[PDB]
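Some notes on the structure that comes next.
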Protein chains: 4
Amino acid sequence: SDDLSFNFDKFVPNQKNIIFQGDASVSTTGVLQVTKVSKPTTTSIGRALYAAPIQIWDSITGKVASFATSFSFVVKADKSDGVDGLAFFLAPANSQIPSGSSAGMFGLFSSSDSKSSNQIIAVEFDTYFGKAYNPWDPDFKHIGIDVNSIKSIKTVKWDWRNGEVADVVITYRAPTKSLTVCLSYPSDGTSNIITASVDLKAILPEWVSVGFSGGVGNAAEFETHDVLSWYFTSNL
Amino acid sequence: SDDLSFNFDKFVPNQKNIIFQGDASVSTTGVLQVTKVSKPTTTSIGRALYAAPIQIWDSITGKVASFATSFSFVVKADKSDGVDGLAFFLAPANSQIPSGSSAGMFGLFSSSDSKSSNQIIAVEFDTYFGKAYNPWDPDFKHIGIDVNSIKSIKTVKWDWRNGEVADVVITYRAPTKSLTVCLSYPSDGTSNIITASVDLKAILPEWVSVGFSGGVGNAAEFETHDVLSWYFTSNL
Amino acid sequence: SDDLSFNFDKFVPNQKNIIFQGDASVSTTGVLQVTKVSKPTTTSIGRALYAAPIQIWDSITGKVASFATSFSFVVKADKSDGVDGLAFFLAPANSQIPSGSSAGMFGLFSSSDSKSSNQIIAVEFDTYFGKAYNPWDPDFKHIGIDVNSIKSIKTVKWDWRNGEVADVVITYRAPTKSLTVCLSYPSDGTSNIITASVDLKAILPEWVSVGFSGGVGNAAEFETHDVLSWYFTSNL
Amino acid sequence: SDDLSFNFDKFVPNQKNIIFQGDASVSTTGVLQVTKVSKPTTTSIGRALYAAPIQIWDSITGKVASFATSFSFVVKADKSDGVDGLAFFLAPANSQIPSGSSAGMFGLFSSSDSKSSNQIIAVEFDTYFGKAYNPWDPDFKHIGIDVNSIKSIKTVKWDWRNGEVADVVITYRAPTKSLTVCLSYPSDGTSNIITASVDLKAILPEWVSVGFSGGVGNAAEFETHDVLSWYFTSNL
Ligand SMILES: CC(=O)N[C@@H]1[C@@H](O)[C@H](O[C@@H]2O[C@H](CO)[C@@H](O)[C@H](O)[C@H]2NC(C)=O)[C@@H](CO)O[C@H]1O
Ligand SMILES: CC(=O)N[C@@H]1[C@@H](O)[C@H](O[C@@H]2O[C@H](CO)[C@@H](O)[C@H](O)[C@H]2NC(C)=O)[C@@H](CO)O[C@H]1O
Ligand SMILES: CC(=O)N[C@@H]1[C@@H](O)[C@H](O[C@H]2O[C@H](CO)[C@@H](O)[C@H](O)[C@H]2NC(C)=O)[C@@H](CO)O[C@H]1O
Ligand SMILES: CC(=O)N[C@@H]1[C@@H](O)[C@H](O[C@H]2O[C@H](CO)[C@@H](O)[C@H](O)[C@H]2NC(C)=O)[C@@H](CO)O[C@H]1O
Ligand SMILES: *[C@@H]1O[C@H](CO)[C@@H](O)[C@H](O)[C@H]1NC(C)=O
Ligand SMILES: *[C@@H]1O[C@H](CO)[C@@H](O)[C@H](O)[C@H]1NC(C)=O
Ligand SMILES: [Ca+2]
Ligand SMILES: [Ca+2]
Ligand SMILES: [Ca+2]
Ligand SMILES: [Ca+2]
Ligand SMILES: [Mn+2]
Ligand SMILES: [Mn+2]
Ligand SMILES: [Mn+2]
Ligand SMILES: [Mn+2]
């Protein structure tokens with residue numbers, strides 16, 4: 001079998017194999033709310049990571065791991081629009097929420113620069129793209145591949161369906177250094193896709209930590225960032 | 001673990017766990033050529049299926065299986081255009097090539113009707129769409145979900161890259177009856193996607209056979225239909 | 001993931017991915033009776049194999065596969081003693097029941113010789129050891145590793161529990177060429193174990209077929225040979 | 001797939017997904033030495049656990065997980081005899097080495113009582129059985145199932161082979177509450193086995209931590225406690 005493999009059909013409150021950072025928590029209905037869901041609605045940032053670090057590449061052998069993750073999430077806005085987005089990410093083992101972060105940086109970045117020191121690769125599901133506060137984002141809700149910077153290296157228009165459940169399948173094929181995000185809404189057949197080339201060895205350290213993150217930088221334009229299920233498998 | 005799961009990193013000549021029908025064969029370089037690759041180029045039809053049938057649904061319990069398959073293929077044309085296409089499919093256990101078939105029907109259909117008797121669900125990678133011989137096809141190279149008929153129930157434009165390797169990931173989520181085709185070319189980031197609702201129970205019998213098929217209805221506009229690797233997992 | 005992997009929690013009547021030979025069949029309660037269970041009791045021989053052949057070793061690369069199988073069975077005798085036994089085995093792809101076989105040879109051997117041509121490796125659960133008809137067997141009910149001959153190369157006393165369910169775990173570690181049979185009765189903690197060195201490459205052809213077999217050479221001393229569940233995984 | 005599954009073909013020095021307690025460490029040759037290997041030989045105690053906790057049972061649903069673990073170890077003594085032993089165990093999530101422990105208690109127990117508070121289930125590979133310091137142990141080197149107490153609830157004679165590699169397969173079948181230890185030495189076919197009934201729900205809390213432990217209570221009778229590989233899979 002492969003190096004690592006784990007499935008979560010549902011989450012349980014205060015799960016021991018998940019590290020909660022920020023407002024991230026799991027409701028009694030079994031859903032992981034990376035973003036605080038409360039009345040009244042409050043400004044929030046949260047991240048949830050699998051407790052054990054993953055060896056993503058080996059310095060001794062030069063081998064890079066190929067992984068695949070599948071998960072289902074929901075983003076429900078009270079209004080027609082919402083903020084700020086959700087993100088699946090790989091960061092250095094036991095990464096802490098960068099000091100002075102913000103909802104628009106999904107708790108992954110301290111600023112809008114492209115510093116190789118960040119050592120972060122993430123797939124963002126950006127719901128907010130306004131240029132007043134997010135000048136880097138394009139003119140629409142998007143799915144983006146982020147490498148060491150919140151300014152995605154490649155994006156694609158996200159046909160977001162308010163309150164609808166999305167099935168995401170992300171694959172990473174080490175041999176060809178390609179990353180493929182595969183999103184689809186089973187309710188109405190709406191689906192989006194994006195692929196990009198990335199060399200993990202050249203960006204992340206050997207041992208990383210995987211998980212999700214998100215934010216809400218304005219309680220006025222509230223929306224949830226609930227992940228329902230999560231499958232992950234990696235292999236060197 | 002799941003009911004069934006098999007991986008083929010490469011194929012071997014005259015593989016014992018694969019049923020070859022038509023011109024389907026595997027070259028000494030380890031690639032499954034569902035379509036005959038010869039000099040001079042000849043009209044051809046072929047299908048390759050995994051030897052053991054799969055229980056796709058249970059009449060006793062009403063449960064429907066959820067499956068996922070991943071594979072990589074190449075379609076190389078001598079000219080700029082080619083024929084006829086490739087297809088991944090589920091057919092009744094040990095299905096034979098329908099009598100009087102043709103390249104445009106990928107060896108899966110006897111005619112252009114929508115007969116529930118065909119009991120075939122397939123994902124086509126149609127390279128030929130000319131209305132003179134394929135009146136059902138749209139005005140472009142496409143990826144299509146076929147249900148009991150060669151006239152796809154839903155299609156999407158296929159941004160085919162001649163000679164380039166494509167990575168396909170198809171998923172079937174029984175609970176939501178949705179099928180998602182996820183194609184991408186690692187070489188240039190080009191990717192396509194399609195989702196559709198289908199109830200396997202309502203179309204195929206309990207025991208099916210899975211595999212690939214394709215054809216070339218005109219030696220003049222030759223192209224290969226080579227599948228390089230195949231991963232398959234099913235579960236009730 | 002690995003080359004092959006399949007799980008059967010229960011069997012269904014006339015399962016399509018299992019090849020039935022002899023009196024082998026599956027009752028409506030979901031159990032695979034390799035031996036005929038009828039009133040009145042009749043002399044019988046049966047074998048059940050997984051439909052697809054398995055590549056156990058590669059001539060091109062010299063690599064040998066490591067496999068592991070787990071299953072649960074029951075052997076119920078009307079009297080205190082019973083015949084003839086059960087066997088898990090690896091034989092050439094799509095092997096037929098040897099002409100002129102007998103219950104004591106579990107439908108795997110034509111005679112009592114050690115012919116390398118048999119190309120059979122099997123784990124027997126011998127219930128009958130009488131020297132009048134089975135001169136090769138030791139003085140007790142045994143578990144035996146059979147290589148090209150019904151005269152086991154190594155045996156161990158089997159503490160058979162009439163009607164009780166046995167959990168067997170067999171492992172094959174290619175690197176060290178060792179085979180380990182691990183049997184245990186959850187009801188009363190009774191357990192037996194045996195290990196032996198065997199080189200698959202030196203005995204079986206590249207493509208084999210796996211399954212079970214058994215017999216009853218005397219309806220007077222009847223017993224069942226029912227296998228309840230089966231897990232199998234192989235990898236090159 | 002199952003809830004959790006991880007394979008370690010070899011260990012790397014200062015592995016990030018393993019928690020080292022005591023003298024436990026991993027040499028540059030890639031082997032996990034739970035016991036300190038130094039010149040001169042020194043008194044030692046160590047434990048290594050997988051970083052993420054495992055949900056072994058669910059209070060919400062009453063379901064108990066079934067697990068299986070496979071590993072290979074070596075115990076090499078300079079003399080003909082050695083101390084003290086090795087142990088595979090399940091303890092409360094992130095358990096610390098009990099205060100005032102000793103080599104004979106493999107770093108799992110504070111005393112020789114049977115306190116349900118210990119919440120520990122372990123499989124011991126006891127090399128030392130002298131009654132002067134280990135009055136609970138039987139008159140031979142043994143494999144034992146320990147439940148909340150170092151006084152095994154069931155043991156079996158261990159035919160230890162000095163310096164030889166042992167392949168262990170432990171299985172836990174929740175439905176029948178049975179635990180089966182399956183040990184074998186591929187070098188000379190020597191093998192041992194033990195089964196016992198245990199209800200995890202009645203002993204451990206929902207979230208446990210798994211790993212190995214061992215000790216050496218006398219530098220004079222030194223031996224290694226090296227684990228070479230580890231496979232683990234659990235499922236609710
Ligand atoms: C050069 C030429 O015009 N060749 C003709 C073929 O195109 C034509 O057959 C059809 O080829 C199509 C494209 O490959 C297929 O979609 C179609 O299935 C196939 N038709 C059949 C019956 O095989 C044939 C037949 O009219 O004539 C050739 O001359
Ligand atoms: C050579 C000698 O007699 N050394 C003594 C130790 O044997 C003895 O300690 C005990 O060693 C046993 C065997 O390794 C262990 O089972 C036992 O746990 C351990 N006892 C403790 C408290 O560590 C020690 C202690 O009496 O004295 C040494 O002199
Ligand atoms: C109603 C309103 O204008 N609220 C302001 C809020 O938008 C604004 O900034 C934040 O909100 C956007 C969208 O959610 C995020 O992309 C930004 O990250 C976030 N900025 C920061 C620093 O959190 C704040 C701050 O200017 O002011 C609110 O009044
Ligand atoms: C009651 C009795 O003596 N029946 C005889 C039967 O035992 C005997 O042989 C067979 O039975 C043994 C035990 O089941 C098997 O191990 C042998 O394989 C099997 N022999 C053959 C050729 O099937 C038969 C044949 O001598 O005679 C019965 O009368
Ligand atoms: C179409 O295929 C089916 C199955 O082989 C066959 O019964 C039918 O007659 C075929 N049509 C023609 C025209 O042969
Ligand atoms: C035994 O271990 C427990 C847990 O560390 C501790 O509370 C207890 O006091 C220990 N016994 C002694 C004598 O220290
Ligand atoms: Ca944004
Ligand atoms: Ca066409
Ligand atoms: Ca016999
Ligand atoms: Ca001891
Ligand atoms: Mn963005
Ligand atoms: Mn078409
Ligand atoms: Mn025998
Ligand atoms: Mn002991």
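Ligands are numbered from 1 in the order shown, chains are lettered A, B, ... in the order of the structure tokens, and residues start at 1 in each chain.
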
- When DSSP works through the backbone of this structure, what residues of region 35-151 of chain B end up as strand (DSSP E), shown as an NGL selection string? :B and (44-50 or 54-55 or 66-74 or 85-92 or 121-126 or 142-147)

Counting only C-alpha atoms, which residues of chain D come no farther than 9 Å from chain A, as a PDB file with C-alpha atoms, in the first residue's frame?
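Output contents, as saved in selection_25.pdb:
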```pdb
ATOM      1  CA  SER D   1     -11.335   3.100   1.804  1.00  0.00           C
ATOM      2  CA  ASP D   2     -10.669   2.669   5.571  1.00  0.00           C
ATOM      3  CA  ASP D   3     -10.368   5.385   8.205  1.00  0.00           C
ATOM      4  CA  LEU D   4      -6.569   5.218   8.580  1.00  0.00           C
ATOM      5  CA  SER D   5      -3.750   3.426   6.834  1.00  0.00           C
ATOM      6  CA  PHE D   6       0.011   4.014   6.900  1.00  0.00           C
ATOM      7  CA  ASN D   7       3.106   2.184   5.771  1.00  0.00           C
ATOM      8  CA  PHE D   8       6.749   2.711   6.746  1.00  0.00           C
ATOM      9  CA  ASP D   9       9.150   0.600   4.646  1.00  0.00           C
ATOM     10  CA  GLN D  15      10.915  11.413  11.509  1.00  0.00           C
ATOM     11  CA  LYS D  16       8.298  14.142  11.929  1.00  0.00           C
ATOM     12  CA  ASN D  17       5.241  11.882  12.136  1.00  0.00           C
ATOM     13  CA  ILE D  18       6.582   9.819  14.983  1.00  0.00           C
ATOM     14  CA  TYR D  50       2.538   7.598  15.506  1.00  0.00           C
ATOM     15  CA  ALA D  51       1.973  11.367  15.809  1.00  0.00           C
ATOM     16  CA  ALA D  52      -1.785  11.442  15.108  1.00  0.00           C
ATOM     17  CA  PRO D  53      -4.232   9.866  17.604  1.00  0.00           C
ATOM     18  CA  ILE D  54      -6.621   7.192  16.347  1.00  0.00           C
ATOM     19  CA  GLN D  55     -10.349   7.051  17.054  1.00  0.00           C
ATOM     20  CA  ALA D  93      -3.930   9.771  23.058  1.00  0.00           C
ATOM     21  CA  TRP D 207      -8.944   8.341  21.109  1.00  0.00           C
ATOM     22  CA  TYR D 231       2.210  -1.149   8.518  1.00  0.00           C
TER      23      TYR D 231
END
```

- Can I get the residues close to ligand 3 as a ChimeraX atom specification, where close means within 6 Å and we count only C-alpha atoms and all ligand atoms? /A:83-84,102-104,133-134,216-218,220

If you take only C-alpha atoms and all ligand atoms and a cut-off of 12 Å, which residues of chain B touch ligand 12, and what are their nearest atom pairs and distances in Å to one decimal, in chain and number order, as JSON lines?
```
{"residue": "B:83", "atom": "CA", "partner": "ligand 12", "partner_atom_place_in_ligand_line": "1 (Mn)", "distance": 11.7}
{"residue": "B:84", "atom": "CA", "partner": "ligand 12", "partner_atom_place_in_ligand_line": "1 (Mn)", "distance": 9.6}
{"residue": "B:85", "atom": "CA", "partner": "ligand 12", "partner_atom_place_in_ligand_line": "1 (Mn)", "distance": 8.7}
{"residue": "B:86", "atom": "CA", "partner": "ligand 12", "partner_atom_place_in_ligand_line": "1 (Mn)", "distance": 10.2}
{"residue": "B:87", "atom": "CA", "partner": "ligand 12", "partner_atom_place_in_ligand_line": "1 (Mn)", "distance": 10.1}
{"residue": "B:103", "atom": "CA", "partner": "ligand 12", "partner_atom_place_in_ligand_line": "1 (Mn)", "distance": 11.4}
{"residue": "B:104", "atom": "CA", "partner": "ligand 12", "partner_atom_place_in_ligand_line": "1 (Mn)", "distance": 8.1}
{"residue": "B:105", "atom": "CA", "partner": "ligand 12", "partner_atom_place_in_ligand_line": "1 (Mn)", "distance": 8.5}
{"residue": "B:106", "atom": "CA", "partner": "ligand 12", "partner_atom_place_in_ligand_line": "1 (Mn)", "distance": 9.8}
{"residue": "B:112", "atom": "CA", "partner": "ligand 12", "partner_atom_place_in_ligand_line": "1 (Mn)", "distance": 10.9}
{"residue": "B:122", "atom": "CA", "partner": "ligand 12", "partner_atom_place_in_ligand_line": "1 (Mn)", "distance": 10.7}
{"residue": "B:123", "atom": "CA", "partner": "ligand 12", "partner_atom_place_in_ligand_line": "1 (Mn)", "distance": 9.4}
{"residue": "B:124", "atom": "CA", "partner": "ligand 12", "partner_atom_place_in_ligand_line": "1 (Mn)", "distance": 6.6}
{"residue": "B:125", "atom": "CA", "partner": "ligand 12", "partner_atom_place_in_ligand_line": "1 (Mn)", "distance": 7.5}
{"residue": "B:126", "atom": "CA", "partner": "ligand 12", "partner_atom_place_in_ligand_line": "1 (Mn)", "distance": 5.2}
{"residue": "B:127", "atom": "CA", "partner": "ligand 12", "partner_atom_place_in_ligand_line": "1 (Mn)", "distance": 8.3}
{"residue": "B:128", "atom": "CA", "partner": "ligand 12", "partner_atom_place_in_ligand_line": "1 (Mn)", "distance": 7.9}
{"residue": "B:129", "atom": "CA", "partner": "ligand 12", "partner_atom_place_in_ligand_line": "1 (Mn)", "distance": 6.8}
{"residue": "B:130", "atom": "CA", "partner": "ligand 12", "partner_atom_place_in_ligand_line": "1 (Mn)", "distance": 10.1}
{"residue": "B:131", "atom": "CA", "partner": "ligand 12", "partner_atom_place_in_ligand_line": "1 (Mn)", "distance": 10.9}
{"residue": "B:133", "atom": "CA", "partner": "ligand 12", "partner_atom_place_in_ligand_line": "1 (Mn)", "distance": 11.5}
{"residue": "B:134", "atom": "CA", "partner": "ligand 12", "partner_atom_place_in_ligand_line": "1 (Mn)", "distance": 7.9}
{"residue": "B:135", "atom": "CA", "partner": "ligand 12", "partner_atom_place_in_ligand_line": "1 (Mn)", "distance": 9.3}
{"residue": "B:136", "atom": "CA", "partner": "ligand 12", "partner_atom_place_in_ligand_line": "1 (Mn)", "distance": 6.9}
{"residue": "B:137", "atom": "CA", "partner": "ligand 12", "partner_atom_place_in_ligand_line": "1 (Mn)", "distance": 4.6}
{"residue": "B:138", "atom": "CA", "partner": "ligand 12", "partner_atom_place_in_ligand_line": "1 (Mn)", "distance": 7.2}
{"residue": "B:139", "atom": "CA", "partner": "ligand 12", "partner_atom_place_in_ligand_line": "1 (Mn)", "distance": 9.9}
{"residue": "B:140", "atom": "CA", "partner": "ligand 12", "partner_atom_place_in_ligand_line": "1 (Mn)", "distance": 9.2}
{"residue": "B:141", "atom": "CA", "partner": "ligand 12", "partner_atom_place_in_ligand_line": "1 (Mn)", "distance": 8.1}
{"residue": "B:142", "atom": "CA", "partner": "ligand 12", "partner_atom_place_in_ligand_line": "1 (Mn)", "distance": 6.6}
{"residue": "B:143", "atom": "CA", "partner": "ligand 12", "partner_atom_place_in_ligand_line": "1 (Mn)", "distance": 7.3}
{"residue": "B:144", "atom": "CA", "partner": "ligand 12", "partner_atom_place_in_ligand_line": "1 (Mn)", "distance": 6.0}
{"residue": "B:145", "atom": "CA", "partner": "ligand 12", "partner_atom_place_in_ligand_line": "1 (Mn)", "distance": 8.5}
{"residue": "B:146", "atom": "CA", "partner": "ligand 12", "partner_atom_place_in_ligand_line": "1 (Mn)", "distance": 8.1}
{"residue": "B:147", "atom": "CA", "partner": "ligand 12", "partner_atom_place_in_ligand_line": "1 (Mn)", "distance": 11.4}
{"residue": "B:149", "atom": "CA", "partner": "ligand 12", "partner_atom_place_in_ligand_line": "1 (Mn)", "distance": 9.8}
{"residue": "B:150", "atom": "CA", "partner": "ligand 12", "partner_atom_place_in_ligand_line": "1 (Mn)", "distance": 6.4}
{"residue": "B:151", "atom": "CA", "partner": "ligand 12", "partner_atom_place_in_ligand_line": "1 (Mn)", "distance": 6.2}
{"residue": "B:152", "atom": "CA", "partner": "ligand 12", "partner_atom_place_in_ligand_line": "1 (Mn)", "distance": 5.9}
{"residue": "B:153", "atom": "CA", "partner": "ligand 12", "partner_atom_place_in_ligand_line": "1 (Mn)", "distance": 9.5}
{"residue": "B:154", "atom": "CA", "partner": "ligand 12", "partner_atom_place_in_ligand_line": "1 (Mn)", "distance": 9.4}
{"residue": "B:155", "atom": "CA", "partner": "ligand 12", "partner_atom_place_in_ligand_line": "1 (Mn)", "distance": 7.7}
{"residue": "B:156", "atom": "CA", "partner": "ligand 12", "partner_atom_place_in_ligand_line": "1 (Mn)", "distance": 9.9}
{"residue": "B:157", "atom": "CA", "partner": "ligand 12", "partner_atom_place_in_ligand_line": "1 (Mn)", "distance": 10.6}
{"residue": "B:158", "atom": "CA", "partner": "ligand 12", "partner_atom_place_in_ligand_line": "1 (Mn)", "distance": 10.9}
{"residue": "B:214", "atom": "CA", "partner": "ligand 12", "partner_atom_place_in_ligand_line": "1 (Mn)", "distance": 11.9}
```

- Task: Extract, using only C-alpha atoms, all DNA, RNA and protein residues at most 9 Å from residue 178 (chain A), discarding same-chain residues fewer than 2 positions from it, and format them as number ranges by chain.
- Result: A: 171-176, 180, 195-199; B: 185-187, 189

Keeping only N, CA and C atoms, take the residues you just selected and write them out as a PDB file, in the first residue's frame.
```
ATOM      1  N   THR A 171      -5.529  16.390  -7.571  1.00  0.00           N
ATOM      2  CA  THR A 171      -4.522  15.355  -7.793  1.00  0.00           C
ATOM      3  C   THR A 171      -3.157  15.982  -8.022  1.00  0.00           C
ATOM      4  N   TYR A 172      -2.115  15.290  -7.586  1.00  0.00           N
ATOM      5  CA  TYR A 172      -0.772  15.777  -7.824  1.00  0.00           C
ATOM      6  C   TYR A 172       0.068  14.633  -8.343  1.00  0.00           C
ATOM      7  N   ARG A 173       0.476  14.767  -9.598  1.00  0.00           N
ATOM      8  CA  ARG A 173       1.274  13.755 -10.250  1.00  0.00           C
ATOM      9  C   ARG A 173       2.733  14.194 -10.306  1.00  0.00           C
ATOM     10  N   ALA A 174       3.500  13.729  -9.316  1.00  0.00           N
ATOM     11  CA  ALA A 174       4.921  14.044  -9.184  1.00  0.00           C
ATOM     12  C   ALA A 174       5.752  13.908 -10.463  1.00  0.00           C
ATOM     13  N   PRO A 175       5.623  12.786 -11.193  1.00  0.00           N
ATOM     14  CA  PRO A 175       6.400  12.630 -12.423  1.00  0.00           C
ATOM     15  C   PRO A 175       6.282  13.816 -13.379  1.00  0.00           C
ATOM     16  N   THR A 176       5.065  14.319 -13.571  1.00  0.00           N
ATOM     17  CA  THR A 176       4.849  15.433 -14.487  1.00  0.00           C
ATOM     18  C   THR A 176       4.655  16.768 -13.807  1.00  0.00           C
ATOM     19  N   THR A 180      -3.990  19.237 -10.473  1.00  0.00           N
ATOM     20  CA  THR A 180      -5.289  19.379 -11.097  1.00  0.00           C
ATOM     21  C   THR A 180      -6.422  19.466 -10.098  1.00  0.00           C
ATOM     22  N   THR A 195      -5.496  23.164 -14.061  1.00  0.00           N
ATOM     23  CA  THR A 195      -4.253  22.405 -13.953  1.00  0.00           C
ATOM     24  C   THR A 195      -3.094  23.367 -14.017  1.00  0.00           C
ATOM     25  N   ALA A 196      -2.028  23.057 -13.297  1.00  0.00           N
ATOM     26  CA  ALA A 196      -0.851  23.909 -13.293  1.00  0.00           C
ATOM     27  C   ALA A 196       0.374  23.094 -12.925  1.00  0.00           C
ATOM     28  N   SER A 197       1.539  23.533 -13.390  1.00  0.00           N
ATOM     29  CA  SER A 197       2.788  22.843 -13.087  1.00  0.00           C
ATOM     30  C   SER A 197       3.439  23.427 -11.845  1.00  0.00           C
ATOM     31  N   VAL A 198       3.810  22.549 -10.920  1.00  0.00           N
ATOM     32  CA  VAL A 198       4.442  22.971  -9.683  1.00  0.00           C
ATOM     33  C   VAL A 198       5.425  21.911  -9.204  1.00  0.00           C
ATOM     34  N   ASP A 199       6.602  22.343  -8.751  1.00  0.00           N
ATOM     35  CA  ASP A 199       7.582  21.401  -8.223  1.00  0.00           C
ATOM     36  C   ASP A 199       7.622  21.545  -6.709  1.00  0.00           C
TER      37      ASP A 199
ATOM     38  N   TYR B 185      -4.140  17.970 -19.663  1.00  0.00           N
ATOM     39  CA  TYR B 185      -2.885  17.733 -20.363  1.00  0.00           C
ATOM     40  C   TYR B 185      -1.785  18.377 -19.532  1.00  0.00           C
ATOM     41  N   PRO B 186      -0.975  17.559 -18.851  1.00  0.00           N
ATOM     42  CA  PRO B 186       0.097  18.096 -18.009  1.00  0.00           C
ATOM     43  C   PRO B 186       1.121  18.956 -18.753  1.00  0.00           C
ATOM     44  N   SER B 187       1.308  18.670 -20.037  1.00  0.00           N
ATOM     45  CA  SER B 187       2.268  19.400 -20.849  1.00  0.00           C
ATOM     46  C   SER B 187       2.016  20.906 -20.941  1.00  0.00           C
ATOM     47  N   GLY B 189      -1.034  22.518 -19.380  1.00  0.00           N
ATOM     48  CA  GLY B 189      -2.091  22.939 -18.475  1.00  0.00           C
ATOM     49  C   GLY B 189      -3.518  22.926 -18.998  1.00  0.00           C
TER      50      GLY B 189
END
```

- Could you pull out all residues of region 9-230 of chain D with a DSSP call of helix (DSSP H, G or I) and give them as a VMD selection string? chain D and resid 103 to 105 174 to 176 200 to 202 219 to 221

- Residues up to 7 Å from ligand 5, counting only C-alpha atoms and all ligand atoms: could you list those as a PyMOL selection string? chain B and resi 97-100+109-111

- Task: Extract, using only C-alpha atoms, all DNA, RNA and protein residues at most 10 Å from residue 24 (chain A), discarding same-chain residues fewer than 5 positions from it, and format them as a PyMOL selection string.
- Result: chain A and resi 19+32-37+44-49+212-215+225-226

Restricted to N, CA, C and O atoms, what would the selected residues look like written as a short mmCIF file (atom, residue, chain, number, x, y, z; two decimals), in the first residue's frame?
```
data_model
loop_
_atom_site.label_atom_id
_atom_site.label_comp_id
_atom_site.auth_asym_id
_atom_site.auth_seq_id
_atom_site.Cartn_x
_atom_site.Cartn_y
_atom_site.Cartn_z
N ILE A 19 -5.83 19.36 14.07
CA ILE A 19 -5.36 20.50 14.82
C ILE A 19 -6.19 21.73 14.43
O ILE A 19 -6.24 22.12 13.26
N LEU A 32 -17.15 20.30 9.65
CA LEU A 32 -16.02 21.14 9.99
C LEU A 32 -16.22 22.54 9.45
O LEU A 32 -16.15 22.78 8.25
N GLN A 33 -16.49 23.48 10.36
CA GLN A 33 -16.70 24.87 9.97
C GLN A 33 -15.37 25.60 10.17
O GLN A 33 -15.04 26.01 11.30
N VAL A 34 -14.61 25.75 9.09
CA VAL A 34 -13.31 26.43 9.20
C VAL A 34 -13.52 27.89 9.56
O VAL A 34 -12.63 28.55 10.10
N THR A 35 -14.72 28.38 9.27
CA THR A 35 -15.11 29.75 9.54
C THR A 35 -16.20 29.76 10.61
O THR A 35 -17.11 28.92 10.58
N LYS A 36 -16.09 30.69 11.55
CA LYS A 36 -17.05 30.81 12.65
C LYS A 36 -18.48 31.09 12.16
O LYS A 36 -18.73 32.03 11.40
N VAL A 37 -19.40 30.24 12.60
CA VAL A 37 -20.80 30.38 12.22
C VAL A 37 -21.58 30.80 13.47
O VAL A 37 -21.94 29.95 14.29
N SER A 44 -13.93 36.68 11.04
CA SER A 44 -13.26 35.43 11.43
C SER A 44 -12.17 34.84 10.51
O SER A 44 -12.13 35.11 9.31
N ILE A 45 -11.30 34.02 11.11
CA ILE A 45 -10.21 33.32 10.41
C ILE A 45 -9.96 31.97 11.10
O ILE A 45 -9.85 31.90 12.33
N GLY A 46 -9.86 30.91 10.31
CA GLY A 46 -9.63 29.59 10.87
C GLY A 46 -8.91 28.63 9.94
O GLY A 46 -8.94 28.78 8.72
N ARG A 47 -8.23 27.64 10.54
CA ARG A 47 -7.49 26.62 9.79
C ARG A 47 -7.56 25.29 10.53
O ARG A 47 -7.50 25.25 11.76
N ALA A 48 -7.71 24.19 9.79
CA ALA A 48 -7.76 22.86 10.39
C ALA A 48 -6.74 21.99 9.65
O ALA A 48 -6.74 21.94 8.42
N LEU A 49 -5.86 21.33 10.40
CA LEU A 49 -4.83 20.49 9.80
C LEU A 49 -4.83 19.09 10.37
O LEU A 49 -5.19 18.89 11.54
N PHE A 212 -7.19 22.70 5.72
CA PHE A 212 -7.99 23.74 5.11
C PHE A 212 -7.91 25.02 5.91
O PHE A 212 -7.47 25.02 7.06
N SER A 213 -8.33 26.11 5.29
CA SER A 213 -8.35 27.41 5.93
C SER A 213 -9.32 28.33 5.19
O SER A 213 -9.72 28.05 4.05
N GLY A 214 -9.71 29.41 5.85
CA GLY A 214 -10.62 30.36 5.24
C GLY A 214 -10.80 31.58 6.12
O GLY A 214 -10.22 31.67 7.21
N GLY A 215 -11.61 32.52 5.65
CA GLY A 215 -11.86 33.73 6.42
C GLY A 215 -13.11 34.47 6.00
O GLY A 215 -13.78 34.11 5.02
N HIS A 225 -18.07 28.36 5.51
CA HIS A 225 -16.94 27.70 4.86
C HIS A 225 -16.87 26.35 5.55
O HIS A 225 -16.00 26.09 6.39
N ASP A 226 -17.87 25.54 5.23
CA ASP A 226 -18.04 24.22 5.81
C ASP A 226 -17.58 23.08 4.92
O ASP A 226 -18.05 22.93 3.79
#
```
